[PDB]
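What follows is calculated from the coordinates using simple rules that are stated; it is not laboratory data. Here the Cβ is made from the backbone with ideal geometry for all residues, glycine too, and neighbour counts use every protein chain on show.
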Amino acid sequence: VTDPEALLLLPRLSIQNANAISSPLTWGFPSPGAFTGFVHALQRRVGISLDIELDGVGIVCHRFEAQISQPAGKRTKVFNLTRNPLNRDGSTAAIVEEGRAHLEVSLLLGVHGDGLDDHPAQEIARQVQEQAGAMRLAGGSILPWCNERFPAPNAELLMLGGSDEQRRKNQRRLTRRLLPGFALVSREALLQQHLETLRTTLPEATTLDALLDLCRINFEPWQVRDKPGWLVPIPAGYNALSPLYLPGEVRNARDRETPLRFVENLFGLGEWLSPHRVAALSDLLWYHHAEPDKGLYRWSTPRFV
Amino acid sequence: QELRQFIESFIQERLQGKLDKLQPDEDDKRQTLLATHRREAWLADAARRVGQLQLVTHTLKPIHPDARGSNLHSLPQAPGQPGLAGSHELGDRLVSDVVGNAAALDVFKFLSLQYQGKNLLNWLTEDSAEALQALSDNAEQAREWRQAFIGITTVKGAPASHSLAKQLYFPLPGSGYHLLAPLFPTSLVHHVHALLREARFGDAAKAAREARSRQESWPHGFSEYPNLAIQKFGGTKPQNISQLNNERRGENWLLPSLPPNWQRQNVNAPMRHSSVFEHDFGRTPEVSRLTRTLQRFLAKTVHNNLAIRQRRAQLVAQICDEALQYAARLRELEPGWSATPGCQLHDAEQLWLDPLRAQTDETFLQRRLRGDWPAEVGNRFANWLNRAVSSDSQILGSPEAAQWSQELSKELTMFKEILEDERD
Amino acid sequence: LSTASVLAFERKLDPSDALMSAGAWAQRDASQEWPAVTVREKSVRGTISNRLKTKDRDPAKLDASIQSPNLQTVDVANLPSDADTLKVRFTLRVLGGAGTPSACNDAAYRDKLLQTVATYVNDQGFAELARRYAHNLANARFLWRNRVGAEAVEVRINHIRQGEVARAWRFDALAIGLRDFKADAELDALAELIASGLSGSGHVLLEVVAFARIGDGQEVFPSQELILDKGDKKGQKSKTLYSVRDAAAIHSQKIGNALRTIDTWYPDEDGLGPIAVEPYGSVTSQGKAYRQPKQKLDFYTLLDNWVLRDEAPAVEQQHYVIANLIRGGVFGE
Amino acid sequence: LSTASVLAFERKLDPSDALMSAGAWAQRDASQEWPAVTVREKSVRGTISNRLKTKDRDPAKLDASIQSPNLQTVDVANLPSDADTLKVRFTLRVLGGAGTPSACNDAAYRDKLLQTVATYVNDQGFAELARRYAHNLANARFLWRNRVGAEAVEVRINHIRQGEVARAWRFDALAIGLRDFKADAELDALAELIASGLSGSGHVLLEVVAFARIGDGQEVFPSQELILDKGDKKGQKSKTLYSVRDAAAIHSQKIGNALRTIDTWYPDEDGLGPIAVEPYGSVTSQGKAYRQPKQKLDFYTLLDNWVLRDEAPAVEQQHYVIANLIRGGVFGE
DNA sequence: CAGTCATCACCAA
C-alpha cells in the first residue's frame, strides 16, 4: 500500500535446495509466499534496529534448474530423492517426496523508516545483506560466495529527492544489474478474461486456469498461436475450511499463543516478463494483505495493472 | 424389495473369491470359520469396522507418511476477490475420499455400492424403507446398520493437528499472526485428475491426433500437456492413504510452472571469420516462434480488427529485449571477448556486444569505444529486423507499409539510446 | 512437566554441494582455473550375473538367458588422461544458537531446556565437539570412495569473514586417521573457531578444498541420486550421477553426513569406529541400528531424563544429546 | 542364519581407458610424443550379402535386390602409412580389502563372511590369483584383435609413486602364451606387487604400455560403441568406434574383461583355455555357460556353502570365489 | 493382575 522512497537491491542470491512443489497442483519455481515470508522474517530481526520497514520483494529469477529426470518411454518427469535414515528395527523407512531445485535470484526491497534519514543507506544495505545471508530463502539455504565474489555488495537509491530526467538512466542502470532475469507479477485479470471464451459453455471457473499453460491446437477452418505472455499458474493464498480456534484448542500446534485455522490453497496466474516491459520498478513488489475474520488469505502484487 | 442381491454379491462374492486361499496344512478351522462368519458375521464386521473411517475433503495423510491428525470434511467458501478460484468454487460433482483404517477399507465398498444401480445410497442411514424390504433384518439389525452407517459422513475423531503438519504463519494488517495449517484437496485433485485424463488421452483427444496423422482434419479441439511431473503418495502400497487407488494409484499430475530462462545454451562469440562479423544478428534458437508469428499474423485483413491491432505494439520490445538479453548474457555473462578473426569485418560485433578490456589491453583499448559514437548499430539492427519484417509489393503499395514500418522505426529509436550509455 | 508435543531444531553446520575438477599435482597452487570433470554417458554390454528366480522354474528360459547378453546404459565420470589430481571444493556455514528450537509448544519446556543447554555450555563449551568436527574437516572423509586408494590427500581450509581470507590452514589428510581424534595445535586453532561459531558469538564461514592424487584418467565417483521407479521401458538408464552446472558433484547431505561422524560412545561395540550422529543411532551401509532404546541410551530417553526428570546422563552421552541438537530434527508426541 | 538381502562389493583391479597412438620401431623408447590414431568415418558401396527371408519373398523385390547395390556408412581407424606400430597406454589401480562388502543388511553374516575370507587369506595369500593377473598383464590379452597376427608385441609396465617411476618391467608378450600359466622369475616380481596391493600392504598404481608391430597403414581395431534404443531410418551409422578427444580408444570394461580371464577351474573343458571370472561362468560371444547351476560349481552355490554351512570347497574353487569377490557385483537375495 | 512393546495379518489395478 505505502509506496517506498528507496528500493534495496539484493543483487545475487544463489540459493540451493529450495522446495519445488509449492502447491498440490504445480511444480517448478517456488511460491512468492516464501519470498514475502522471507521479507517479513527480515522485518522481525533487522528492521527494528534500523527503524525501517521492508514490505515488498522484486522476484527476478536469473537461473533455474530442478533435480528431475526424464524416464524411458514417458514425456513426463519424476523427482530425485534423498535417502532417509533407517527405522529403529534396522529396516528401511518409507518415502516422502520432496522436490528440489537450485535458484539464482535478485531482490528489490522497499524502505519506509526514519533510519533512511538517521543513517547512510549503505548501513541498511550492509546490515540487511549480512543478516539475510544466514537465512533460508524458500526452503533451502543461501550460499556464500565464489568466483562471483565481485557482485557481493548491494545498492540503494531513493526516487523522490532528485531530478526527473536522469532517473531513467538510474533505473536502467539498475536494470543493467538484473538484465538476464524474468520478473514475476500477478496477472489475475486474464483468469476473468478467459471466462467469456467459455461463456458459450458455462459460467464455471475451475477449468479456466488449466487452459492457458499448454498448446491448444485445432485444425484448419493445425492451429498454433502466439500465447500472450509467459503465462503460468502460481498459488495465490489460502482459503478457510474451518473457523478460527482459540490458542489453547487445537492439539499439536506450533504455538500456544496464536490462533489457528485449517485452510487450503487458491490458485492464480502470473507471467515471467522481462523487467524492461514495466516502466517503474516499484510496480513489481509483492505484498501480504488479507482480511482476518472471514478466512480469505492472499498475496499479490499491487501497482502492476 | 429386489435389492438384496447386492448383499448376496457382497457376501457370497467375497466368500467365493476366497477359493485361491487354499492351505491344505492348517485350513481346518480357517475355511469353516470363513464360510460361517463370511456371511452372517459380515454384518458384524461391517458394523465394528464401519467406525474406523470418515469422509474427507481436506486430508492430511497425503502430506506425511504417519501424520495421525484430524482431516477436514467440509468444502471451503467462496473467495471474495475477482480472478482466483480453486477448491471451493468446484462443481457439485465432487467426490469425498474415505480416509481411515487401511485394513478396514473393504467394508466401505459394500457400504458404498448402494450408489451403484439404484438411487438408494441415501437409504441406508436415513430413509431405511429402502433398507427394510431387501435388507431382511430385524429391528435391532436395521437400527444397528442405520447407526453404524452415520459414522462415515459424520465426525470420526477429535479436531486436532500433528507435529509433521505445516502450520504456516501469516502477518495480519496491524495485529499479530494466524497459524494457517493447509490440507490436501483430495476432492479437487480427483476432479482435475479425471479432467486431465480425458484431455491428454481418451477418445476425442486421440482421434483428433490420428486426424492430424491422416493430414485431413477439420477443426476439432484436442489438448496436449507437455513437461509435467509425477508425485507418489504412499509408495509401493498407496492404500494406507485414503483411497488413492480407483484411478489415482498415487499419481497426482503436477502442472509445470517454470521460469522461462532456465534451459539456456552457451555463449560462443569468438574471434571467428564469421563468428565475429556474421554474428551481427543474434542467431538464437527461441526466435523461430516469434518469426513464425510475425509471418503468419500478416495475412489477415481488418474485417475482425478489434483485437489484432494490439500485438505488434509489444512485439518491438519483445524482440529488442531478446537482443538485449543475448548481448548481456553472452558478452558480460561470458568471461571473454577477444579480437575478431578477420578484424576488418569481425570488429563491429566486438564493438557493440563486447565486454570490457583485458590483459591484451594496450593504449588504444579504452580510447575507441569510450569516445566513438555508439549509434552505428541502429541502422544494422533496422536492416536485420526489417528482414523478418519483410517488405512486399502488396505491402508497400498498400496502406500497411507505413503502419508496419513506423513500428520498426520506433523500435530502432530507443535501442541506440539504451546501448549508447554503457561506454559513452 | 510434560515433553513438548512439537519440537524442531534448525540444523547447524550447513555445507554446500561439492564440485569436482581435474588438474595435476604440484600445479595445485594455481588451481582456481582447473576445468570441471563432466559426467559422460556410456552403454555397456554385460552378462546376467544375478541370483535367478527358481520361483517359476523353467527348463527352457532361465538356462539360455544365462548364455544371452545383457545391455545396460550407465553414467561415468573420469579424469582426463593428463590429469592425476582430483579437486573438490565446497563452503560451510556454521550458525550458532545450537540449543534454541525452531518450534516449541510450551515456553515452560523451552525454559527447562535452554538453561540445561547453557549449563552444558558454560562448564564445558562447544570445543570438545568442535574438535571432532574439525577433524572430519581435516581428514577428507567427505571424499567417500575418492579416498580409497588415493596416494596423497591435502585439505585446505580458509576462514573468510569479508571479501577475502582471514586465516588459512593446510593439512595432510592421510596422516590423520579416520578413527583416532588425537588433537594437535594445527587444528585446535580451528576447533576454537568452530566452537566460537557454534556458540553464536562471532562470524564463521569456511572454504574447504580437498586435493586427491589418484591416477591418470582414473574413474572418480560423484554422488548417485535415488530415482525411484524410472524407466518402465527396458531402454532405460540404471545409474544416473549428480551434476551441478557442467560439473560432477556430491550432494550436500552426504558431505554433512561425513562431517557428523562423531559418535564413538555407542553401547553395542565401541571399537569399530565413529558412526554418524542419529536418533536411534543407526548406519545404513551396516544395515543395523546401534544405540537401541532397550539399552536406554538413544536420544529420546536421554533427552527426557535430562530435561523432564533432571536425571543427568554421563558426559559422553551428553555430547551425543547436544550433537543431535547441532544436527537438528523433527519430533512429536 | 541367511545371507543378506543386500550385498555390494566394490571392484578391485580398476583400470582406466586406453588410448591409441602410432609410430615406428626403434623410436618406441622415445614414444612419448606419438600422434594419436584417429577415427575416420567412411561410406561404403557394398553388396546384399545376408540371408533372404521366405516369409514375404516377393521375387519382384527379393530377386532384384541382389543385383542392385547396398550403401552403408561405417567408421574405420588405420595406422598412417609412415608408421607401422600401435601403442596402447592405460593405468591400473589395485585396491585391496577384497572381502569386505560395502553394503549389507546383516551383521552376523558380515562377521561370518569376514572371518571366512580371513580363513582364506591366512593360509594362502592372493599369490595364485596375483600371478594369473600378472600373466594377463604380461602377455597382451587386452589387445584383443590387434595382436592377432601381430609380428612382435612388447609390453612395458611401470610402477609409479610420484612424478618419478619406482620400478620398470619389460617383456616379450608373444613368448608368453594365452592358454598356459607357465612363468619365470621376472613375472613373480610383478605378482608380489599385485599381491601386496590386494592384501592392503601397499599402494599399487601401474602404467601399462603395449607396442604391436602390425604393418604400414594397416587397420587397428578400437572398441565399438554400443548404440542402444535408436529407432531410426536406414542405418545412418552402423558402426561407431569409441574415441576420446582426438584419440581412438578401448573401453575400460573390455580391458577389465581381458585381465580377469583367470578361470581354468571350470568343469567340462578346463584344458581348453582360461575364461573370464563370472558368477555363472558364461562366455556370451561363444553362446554357452560353463559352470551351470545344475553342476554345483557356480558362485551362488559355493559361496553359500562355504560362508554359511561351513562346507569349504576345494582350493581350486576357493580361488574362483575370491576372484568373484575381487570382481564385484550385487550378490543379494 | 494393567500399561507397554514387538509382531500380525488385514486390505490394495
Study note, to complete from the structure: If we ask which residues in segment B:227-240 are surrounded by fewer than 19 Cβ atoms within 10 Å (Cβ to Cβ), part of a loop (DSSP other than H, G, I, E, B) and within 16 Å of DNA strand E (Cβ to nearest atom), their number turns out to be 3
Review point. Since A:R63 meets every condition but one in (1) within 11 Å of chain B (Cβ to nearest Cβ); (2) crowded, with 19+ Cβ neighbours inside 10 Å, which condition does it not meet?
Key: (2)
Practice item. Tell me which of these B:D203 doesn't satisfy, since it passes every other one: (1) exposed (fewer than 12 other Cβ atoms within 10 Å of the Cβ); (2) acidic (D, E); (3) within 16 Å of DNA strand E (Cβ to nearest atom). Key: (3)
Revision key, fill the gap. Pairs returned, first residue in segment C:238-253 that is within 14 Å of C:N146 (Cβ to Cβ), second residue that is assigned to a strand (DSSP E or B) and of a type in the set (D, E), beta-carbon separation under 8 angstrom, 6 or more apart or interchain, are C:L241/C:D75
Exercise for review: Might you check whether a residue that is within 16 Å of the chain's Cα centre (by Cα) and within 16 Å of DNA strand E (Cβ to nearest atom) occurs anywhere in segment B:208-226?
Suggested key: no
Exercise for review: Name the helices (runs of 4 or more DSSP H) wholly inside segment C:252-333 in which the number of residues that are within 17 Å of C:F181 (Cα to Cα) and away from every other protein chain (no Cβ under 14 Å) is 3 or more.
Suggested key: C:315-327
Revision key, fill the gap. Restricting attention to segment C:282-301, the residues that are aliphatic (A, V, I, L, M) and more than 15 Å from DNA strand E (Cβ to nearest atom) number exactly 1
Exercise for review: Determine, yes or no, whether C:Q317 is closer than 18 Å to C:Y120 by Cα, out of contact with any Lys or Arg (no Cβ under 6 Å at 6 or more places or on another chain) and more than 16 Å from DNA strand E (Cβ to nearest atom).
Suggested key: yes
Review point. Is there a residue being more than 11 Å from every other protein chain (Cβ to nearest Cβ), over 28 Å from the mean Cα position of the chain (by Cα) and either within 21 Å of B:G234 (Cα to Cα) or not small (G, A, S) (or both) anywhere in segment B:55-71?
Key: no
Check your understanding: Taking A:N147 and the conditions (1) surrounded by 14 or more Cβ atoms within 10 Å (Cβ to Cβ); (2) within 14 Å of chain B (Cβ to nearest Cβ), which numbered condition does it fall short on, given that it satisfies the others?
Key -> (1)
Practice item. Give B:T153, B:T186, B:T125 a once-over and let me know the one that is more than 16 Å from DNA strand E (Cβ to nearest atom) and touching a helix residue (DSSP H, G or I) at 6+ places or on another chain (Cβ under 6 Å). Key: B:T125
Study note, to complete from the structure: Restricting attention to segment B:241-285, the residues that are out of contact with any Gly (no Cβ under 6 Å at 6 or more places or on another chain) and within 16 Å of DNA strand E (Cβ to nearest atom) number exactly 10
Review point. Residues B:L294, B:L254, B:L315, B:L290: which one is over 30 Å from A:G268 (Cβ atoms), in contact with a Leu (Cβ under 9 Å, 6 or more places away or on another chain) and not in a loop (DSSP other than H, G, I, E, B)?
Key: B:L294
Exercise for review: Those residues that are part of a loop (DSSP other than H, G, I, E, B) and either within 14 Å of chain A (Cβ to nearest Cβ) or in contact with a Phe, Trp or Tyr (Cβ under 8 Å, 6 or more places away or on another chain) (or both), I need them from segment B:32-54; list them, please.
Suggested key: B:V50, B:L53
Point to revise | Hits in segment A:249-286 (condition: over 24 Å from B:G83 (Cα atoms) and acidic (D, E)) | key: A:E249, A:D255, A:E257
Practice item. Pick out, from segment C:20-110, the strands (runs of 3 or more DSSP E) lying fully within it that include 3 or more residues that are away from chain D (no Cβ under 14 Å). Key: C:85-93
Review point. Is there a residue being more than 16 Å from DNA strand E (Cβ to nearest atom), surrounded by 21 or more Cβ atoms within 10 Å (Cβ to Cβ) and within 14 Å of chain A (Cβ to nearest Cβ) anywhere in segment B:90-113?
Key: yes
Exercise for review: Could you pull out the residue among A:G115, A:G90 that is of a type in the set (G, A, S), more than 12 Å from chain B (Cβ to nearest Cβ) and within 16 Å of DNA strand E (Cβ to nearest atom)?
Suggested key: A:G90
Revision key, fill the gap. Output for Cβ contacts, cut-off 8 Å, separation at least six or different chains, first residue at the interface with chain B (Cβ under 7 Å from one of its Cβ atoms) in segment A:170-190, second of a type in the set (G, A, S), reads A:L179/B:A328; A:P180/B:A328; A:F182/A:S274; A:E188/A:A236; A:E188/A:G268; A:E188/A:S300; A:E188/B:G83; A:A189/B:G83
Point to revise | Matching residues in segment B:165-185 - criterion: being part of a loop (DSSP other than H, G, I, E, B) and buried (at least 20 other Cβ atoms within 10 Å of the Cβ) | key: B:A165, B:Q167, B:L183, B:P185
Review point. So which residues in segment A:234-276 are among the β-branched types (V, I, T) and within 15 Å of the chain's Cα centre (by Cα)?
Key: A:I234
Practice item. For B:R249, work out the one condition from (1) surrounded by fewer than 18 Cβ atoms within 10 Å (Cβ to Cβ); (2) on the phi < 0 side of the Ramachandran plot; (3) basic (K, R) it doesn't fulfil. Key: (2)
Exercise for review: Filter segment B:370-417 down to residues that are surrounded by 15 or more Cβ atoms within 10 Å (Cβ to Cβ) and β-branched (V, I, T) and give me whichever is nearest to B:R289 (Cα to Cα).
Suggested key: B:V389
Point to revise | Condition broken by B:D137, with the remaining ones in (1) within 16 Å of DNA strand E (Cβ to nearest atom); (2) of a type in the set (D, E); (3) more than 30 Å from A:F267 (Cβ to Cβ) satisfied | key: (1)
Exercise for review: From the list C:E269, C:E333, pick out the single residue that is within 16 Å of DNA strand E (Cβ to nearest atom) and of a type in the set (D, E).
Suggested key: C:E333
Check your understanding: Is it the case that segment B:305-325 has a residue that's surrounded by fewer than 10 Cβ atoms within 10 Å (Cβ to Cβ), among the charged types (D, E, K, R) and either over 20 Å from B:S398 (Cβ atoms) or within 12 Å of chain A (Cβ to nearest Cβ) (or both)?
Key -> no
